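Understanding the architecture of this molecule
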Amino acid sequence: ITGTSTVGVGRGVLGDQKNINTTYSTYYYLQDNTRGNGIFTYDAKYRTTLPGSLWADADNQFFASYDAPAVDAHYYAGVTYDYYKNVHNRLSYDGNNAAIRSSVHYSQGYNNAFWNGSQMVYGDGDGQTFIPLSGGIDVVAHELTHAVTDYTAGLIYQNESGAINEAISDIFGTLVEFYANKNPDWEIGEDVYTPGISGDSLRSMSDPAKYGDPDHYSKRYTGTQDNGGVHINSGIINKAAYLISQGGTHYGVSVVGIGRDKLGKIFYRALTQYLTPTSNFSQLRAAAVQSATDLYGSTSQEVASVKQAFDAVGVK
Ligand SMILES: [Ca+2]
Ligand SMILES: [Ca+2]
Ligand SMILES: [Ca+2]
Ligand SMILES: [Ca+2]
Ligand SMILES: [Zn+2]
């Protein structure tokens, strides 16, 4: 909408207060004009029609329970935009400052979030399996990263290419969580998953097997559930990424860690220069090796660590 840029205040899903960029024109709208061609947050009103209505508020204060998912979707989309711009020199998901759109209050009791090809969509959860999923910065960044992938490598959402697609979203979701630097970890979705159970999460990158996911290529799933295991086999790549950054010895193979910033540089370059819609795990290894070679040199520790990490997870 046309209006003037304003700054509202509200509370997110986890009860924390934050400022949000809004737009005033009769109402205050969840429209942040400070980033690219805008960040826009919509109310889906418990229905499944998308996007719903651009979020309108009479007083620029967003402290109602109903407001909390919208506050966080809007704010964490801004953090994710900032990460891609400041760290990777990428302007929004398309590299040309496309408007970022999210809808909250999607459906009833909806235990998921997704990118629908055009926008982010967040369920509220059923209150037992999840609370509203936009409360997780890693979840928000996971979703926006699907848009980045779709505009760049274009990894098809099934089998190995789809597991790479998923791992890219978990990797960058985690790197955005570390960028914001509030309780960062190598777990996925811990802030919004199972409010009645402490210490769990959807997935673990440091130890995928904790939540049943493979941590070695010999344990990959090749059935048909979950688009050929895209959220399952992602564990093999998530583990490799964790090892590149943090190091460790896994199935007897030792990896010297090189840190998160270099992990992100290597995988961002692989995603945007070398991967294609059909890349498999072996081709990801080759893309990561080439990316590290470009950035750090063929004799570098960084290249050596990429090779050891993929060796450790059984990907040649
Ligand atoms: Ca209000
Ligand atoms: Ca965390
Ligand atoms: Ca996390
Ligand atoms: Ca929990
Ligand atoms: Zn995903």
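Residues numbered from 1 in each chain as written, not as in the entry; some residues may be left out. Chains lettered and ligands numbered in written order. Heavy atoms only, no water. Residues with missing side-chain atoms left out of burial classes, pairs and counts.

If you check the header, you'll see the entry was determined by X-ray crystallography and the resolution is listed as 1.25 Å.

**Some thoughts on the packing of aromatic side chains**
Defined as follows: Between 30 and 60 degrees the pair is tilted, below 30 it is stacked and above 60 it is edge-to-face, where a pair is any two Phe, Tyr or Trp rings, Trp via its six-membered ring, whose centres lie within 6.5 Å. Counting from the N terminus, the helices are DSSP H or I runs at least four residues long and the strands are E runs at least two residues long. Only protein chains enter the accessibility calculation, which uses a 1.4 Å probe; a residue is then buried when its area is under 20% of its type maximum, exposed when over 50%, and partly exposed in between. Only when the NZ of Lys or the CZ of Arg is both within 6 Å of the ring centre and within 35 degrees of the ring normal is a charge said to sit over the ring.
In the structure shown here, the tally under the stated rule is 18 aromatic pairs. For the ring pair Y46 and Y66, a centre distance of 5.7 Å and an interplane angle of 85 degrees mean the geometry is edge-to-face. Note that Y46 is positioned in the loop between β5 (39-43) and β6 (53-54) and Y66 in the loop between β8 (61-62) and α1 (68-88), a separation of 20 residues in sequence. Classification of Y66 as partly exposed rests on a relative accessible area of 28%. Connected via pairs of aromatic rings, a cluster forms that spans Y83, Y84, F172 and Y179. The positively charged end of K18 is found above the aromatic ring belonging to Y75, 5.2 Å away from the centroid. Positioned above the aromatic ring of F40, the side-chain terminus of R101 is 4.3 Å from the ring centre.

**Some details on the UniProt feature "binding site: Ca(2+) 1" in the chain**
We count it as follows: UniProt positions are given in the numbering used here, feature names are shortened, and annotations may be inferred rather than shown by experiment. The contact rule is simple, with two residues in contact once any of their heavy atoms fall within 4.5 Å.
Within this numbering scheme, the UniProt entry marks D57, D59 and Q61 as carrying the feature "binding site: Ca(2+) 1". Its place among the elements puts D57 in strand β7 (residues 56-57). Given the relative accessible area of 10%, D57 is considered buried. With sequence-adjacent residues up to four places away left out, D57 is seen in contact with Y27, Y28, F62 and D67. As for its placement among the helices and strands, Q61 is situated in strand β8. Judged by relative accessible area, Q61 falls into the partly exposed class, the value being 35%. Among residues more than four places away in sequence, those in contact with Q61 are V9 and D67.

**As for the sheet that holds β7**
What links the strands of a sheet is backbone hydrogen bonding, and the strands pair in either a parallel or an antiparallel sense. What counts is decided by this rule: Pairing between strands is defined by DSSP: at least two bridges between the two strands are required.
Strands sit in the order β7-β3-β2-β1-β8 across an open sheet of five strands; the sheet is mixed. Each of the sheet's edge strands pairs with one partner strand only, and the pair in question is β7 and β8.

**Regarding the coordination of the calcium ion (ligand 4)**
This is how it is decided: Each metal site is built from N, O and S donor atoms within 2.8 Å (3.2 Å for Na, K and Ca), and since water is not included, such sites may look incomplete.
For the calcium ion (ligand 4), the full set of protein donor atoms is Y193 (O), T194 (O), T194 (OG1), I197 (O) and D200 (OD), at a range of 2.3 to 2.4 Å. For the calcium ion (ligand 4), all donor residues lie on one chain, and their spacing in sequence is Y-T-x2-I-x2-D. Accessibility expressed as a relative area gives 9% for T194, which makes it buried. Given a relative accessible area of 49%, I197 falls into the partly exposed group.

**Some remarks on the environment of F62**
Position of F62 relative to the elements: it lies in strand β8. Assessed through its relative accessible area of 0%, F62 is described here as buried. Distance from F62 to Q17, taken between C-alpha atoms, is 9.4 Å for residues 45 residues apart in sequence. Once you skip the residues sitting within four places of it in the chain, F62 turns out to touch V9, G10, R11, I20, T22, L30, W55, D57, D67 and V71.

**Description of the coordination of the zinc ion (ligand 5)**
Note on the zinc ion (ligand 5): its protein donors are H142 (NE2), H146 (NE2) and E166 (OE). The metal-donor distances range over 2.0 Å. Within one chain, the residues serving as donors to the zinc ion (ligand 5) are arranged as H-x3-H-x19-E. Taken together, the residues span a long stretch of sequence, with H146 in helix α2 (residues 137-151) and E166 in helix α3 (residues 159-180) at a distance of 20 residues. The exposure classification of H146 matches that of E166, with both residues buried.

**Details of the UniProt feature "active site" in the chain**
Let me state the cut-off plainly: Polar contact is defined as a pair of N or O atoms within 3.5 Å, subject to the rule that within protein one atom must be able to donate a hydrogen and the other to accept it, and that residues adjacent in sequence are counted only when both atoms are side-chain atoms.
Taking the UniProt record as the reference, the feature "active site" is found at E143 and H231. Spanning 89 residues, the named residues form one tight spatial group whose C-alpha atoms are at most 13.4 Å apart. Along the chain, the position of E143 falls in helix α2. Setting aside anything within four residues of it in sequence, one finds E143 in contact with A113, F114, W115, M120 and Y122. Within the element layout of this structure, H231 appears in the loop between α4 (225-229) and α5 (234-246). Those residues in contact with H231, other than ones at most four positions away along the chain, are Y157, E166, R203, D213 and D226. Engagement of the side chain of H231 in a polar contact is seen with the side chain of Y157, the distance being 3.2 Å.

**Regarding the nonpolar core**
As a reminder of what qualifies: Put simply, buried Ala, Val, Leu, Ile, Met, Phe, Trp, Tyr and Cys residues joined by side-chain atoms within 4.5 Å make one nonpolar core. For the purposes of this description, domain bounds are those given by an automatic or database domain assignment.
In this structure, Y122, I171, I237, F267 and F310 are the most contacted members of the largest nonpolar core, which totals 75 residues. Two domains each put at least three residues into this core: domain 1 (6-154) and domain 2 (155-315). Residue contacts for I171: discarding those within four places in its chain leaves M205, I237, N238, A241, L263 and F267. With five residues, the next largest nonpolar core counts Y29, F40, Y42 and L54 among its residues.

**Details of the domain arrangement of the chain**
Examined at the domain level, the chain breaks down into domain 1 (6-154) and domain 2 (155-315). On the side of domain 2, 34 residues touch domain 1, which itself brings 32 residues to the contact. When residues of the side of domain 1 that touches domain 2 are traced back to their parent elements, those giving at least two are α1 and α2. For the side of domain 1 that touches domain 2, the element with the highest residue contribution is α2, accounting for 10 residues.

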